Structures are given as C-alpha cells and as structure tokens.
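**Q** Here it is: the structure, laid out below.
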Amino acid sequence: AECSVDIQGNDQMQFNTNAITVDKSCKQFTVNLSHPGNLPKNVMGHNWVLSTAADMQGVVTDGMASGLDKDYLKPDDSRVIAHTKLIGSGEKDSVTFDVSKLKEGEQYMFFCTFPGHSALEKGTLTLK
Ligand SMILES: [Cu+2]
C-alpha cells in the first residue's frame, strides 16, 4: 500500500512476501504484521525485525538466546532498526519507522527471530 506493507506469518512459518521496497518519498514506513492459523505464540510466534544484512545473524542469535519472555529480541539491541512484538495466531501489530534511518545503497534484511523461523521467514527490504 502507500508507505505500508501488510505481511503475514502463518502456522507453517512463512512470510507472504520476501521483498519490501520502501520508496524514498515516504518519510515513515509502516508494516502491519498479522498471524493467520491456530498455533499459539509459544509454538509459532512471529515478529517482523529489520536490521542490515550483516547484523542479521547476530540479532537472531542474541534474540534466540534472550527468550520468550523477552519476545526473542535482545533488550535495547542497537542493530534492530524497527521491530513489531511477537504475536500468536489471531494477533496483529504494526511498527512505523523513520525512513531516514535507511541508508541508500545498504542491504537490509527483514526477518523473524523466533527459534528456527529465519531460515524461511526473512526477505529483503530495498529503499529506492
Ligand atoms: Cu516466525
């Protein structure tokens, strides 16, 4: 949509897109994560996290390492640019971020930090 994307995380851990293109015109960008299916947060929770492609592994490891209670995102982790909370089936959440935080020509990956989910739930964000 205009400066927004509606992305989904389903019970067979996949995202409904794998490519997000944020236009330079947008001053803010909004992602609305929604979760269809019936499998609950502790078994198939999802979240939308944004970092540079280089930082990704690290955010994922230190988030995995931090636990359900901390929604698998290490607290005040400087590498995560924007993130939603972890949601189970039937939940929704959105995050708007400053597009001026995205550097032109850098590689940004979006992903889900919940254990084992990044292997299929992750894609690219490109700021044109
Ligand atoms: Cu996930």
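Starting from 1 in every chain, residues are counted up; chains themselves are A, B, ... following the order of the structure tokens, and ligands are numbered from 1 as listed.
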With only C-alpha atoms and all ligand atoms counted, collect every polymer residue having an atom within 8 Å of ligand 1; state the result as a PyMOL selection string.

**A** chain A and resi 9+13-14+44-47+111-118+121

**Q** Need the shell around residue A:49: protein/DNA/RNA residues with any atom at most 10 Å away, counting only C-alpha atoms. Skip same-chain ones fewer than 3 positions apart. Format as a VMD selection string?

**A** chain A and resid 46 56 59 to 60 73 79 to 86 95 109 to 113 122

**Q** If we count only C-alpha atoms, what is near residue A:102 at a cut-off of 10 Å, once residues fewer than 3 positions away on the same chain are taken out, given as a ChimeraX atom specification?

**A** /A:22,24,51-52,81,97-99,105-108,125-127

**Q** Quick one: pick out all strand (DSSP E) residues within stretch 14-87 of chain A from a backbone DSSP run and write them as a ChimeraX atom specification.

**A** /A:19-22,28-34,49-52,82-83

**Q** Please save N, CA, C and O atoms of the selected residues as a CSV table (one decimal), in the first residue's frame.

**A**
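Ended up saving to out-v3.csv:
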chain,number,residue,atom,x,y,z
A,19,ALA,N,10.2,-9.5,-0.3
A,19,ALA,CA,10.7,-8.4,-0.9
A,19,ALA,C,10.0,-7.2,-0.5
A,19,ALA,O,8.8,-7.1,-0.8
A,20,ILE,N,10.5,-6.2,0.2
A,20,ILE,CA,9.7,-5.0,0.6
A,20,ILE,C,10.5,-3.9,-0.1
A,20,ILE,O,11.8,-3.8,0.0
A,21,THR,N,9.9,-2.9,-0.7
A,21,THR,CA,10.5,-1.8,-1.4
A,21,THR,C,10.0,-0.6,-0.8
A,21,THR,O,8.8,-0.3,-0.9
A,22,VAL,N,10.8,0.2,0.0
A,22,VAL,CA,10.4,1.4,0.6
A,22,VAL,C,10.8,2.4,-0.4
A,22,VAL,O,12.0,2.4,-0.8
A,28,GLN,N,7.9,8.1,6.7
A,28,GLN,CA,7.8,7.0,7.6
A,28,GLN,C,7.3,5.8,6.8
A,28,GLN,O,6.8,6.0,5.7
A,29,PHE,N,7.5,4.6,7.3
A,29,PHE,CA,7.1,3.4,6.6
A,29,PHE,C,6.4,2.5,7.6
A,29,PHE,O,7.0,2.4,8.8
A,30,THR,N,5.3,1.8,7.3
A,30,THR,CA,4.6,1.0,8.3
A,30,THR,C,4.4,-0.4,7.8
A,30,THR,O,4.1,-0.6,6.7
A,31,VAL,N,4.6,-1.3,8.7
A,31,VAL,CA,4.4,-2.7,8.4
A,31,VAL,C,3.4,-3.2,9.4
A,31,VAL,O,3.5,-2.8,10.6
A,32,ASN,N,2.4,-3.9,8.9
A,32,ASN,CA,1.4,-4.4,9.8
A,32,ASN,C,1.5,-5.9,9.7
A,32,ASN,O,1.4,-6.5,8.6
A,33,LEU,N,2.0,-6.5,10.8
A,33,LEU,CA,2.2,-8.0,10.8
A,33,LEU,C,0.9,-8.6,11.3
A,33,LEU,O,0.4,-8.1,12.3
A,34,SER,N,0.4,-9.6,10.6
A,34,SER,CA,-0.7,-10.3,11.0
A,34,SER,C,-0.5,-11.8,11.1
A,34,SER,O,0.4,-12.3,10.3
A,49,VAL,N,11.4,-8.1,12.1
A,49,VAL,CA,12.6,-7.4,12.7
A,49,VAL,C,13.3,-6.9,11.5
A,49,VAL,O,13.4,-7.6,10.4
A,50,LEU,N,13.9,-5.7,11.5
A,50,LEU,CA,14.7,-5.2,10.5
A,50,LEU,C,16.1,-4.9,10.9
A,50,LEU,O,16.3,-4.3,12.0
A,51,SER,N,17.1,-5.4,10.2
A,51,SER,CA,18.5,-5.0,10.5
A,51,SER,C,19.2,-4.9,9.2
A,51,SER,O,18.7,-5.1,8.2
A,52,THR,N,20.5,-4.6,9.2
A,52,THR,CA,21.3,-4.7,8.0
A,52,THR,C,21.6,-6.1,7.7
A,52,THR,O,21.6,-6.9,8.6
A,82,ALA,N,13.9,-1.4,13.5
A,82,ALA,CA,12.5,-1.4,13.8
A,82,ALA,C,12.1,-2.8,14.0
A,82,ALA,O,12.8,-3.7,13.6
A,83,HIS,N,11.0,-3.1,14.8
A,83,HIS,CA,10.6,-4.5,15.0
A,83,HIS,C,9.1,-4.4,15.5
A,83,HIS,O,8.7,-3.4,16.1

**Q** In terms of the shortest atom-to-atom distance over only C-alpha atoms, which of A:10, A:16, A:61, A:78 is closest to residue A:40?

**A**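 Nearest candidate to residue A:40 out of A:10, A:16, A:61, A:78: A:10.
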
**Q** Counting only C-alpha atoms, which residue out of A:128, A:1, A:27, A:87 sits closest to residue A:101?

**A** A:27

**Q** Rounded to one decimal place, report the atom CA of residue A:18-atom CA of residue A:124 distance in Å.

**A** 6.2 Å

**Q** In Å to one decimal, how far is atom CA of residue A:36 from atom CA of residue A:96?

**A**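 Those two atoms sit 21.4 Å apart.
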
**Q** Step one, run DSSP on the backbone; step two, keep only residues of chain A assigned to helix (DSSP H, G or I); then write them as a list in words.

**A**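 So, restricting chain A to helix (DSSP H, G or I), we get residues 41, 42, 43, 44, 56, 57, 58, 59, 60, 61, 62, 63, 64, 65, 66, 68, 69, 70, 99, 100 and 101 of chain A.
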
**Q** Between atom CA of residue A:72 and atom CA of residue A:100, what is the spacing in Å?

**A** 26.1 Å

**Q** Nearest to residue A:8: which of A:26, A:62, A:123, A:35 is it, counting only C-alpha atoms?

**A**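 Using only C-alpha atoms, the shortest distance to residue A:8 belongs to A:35.
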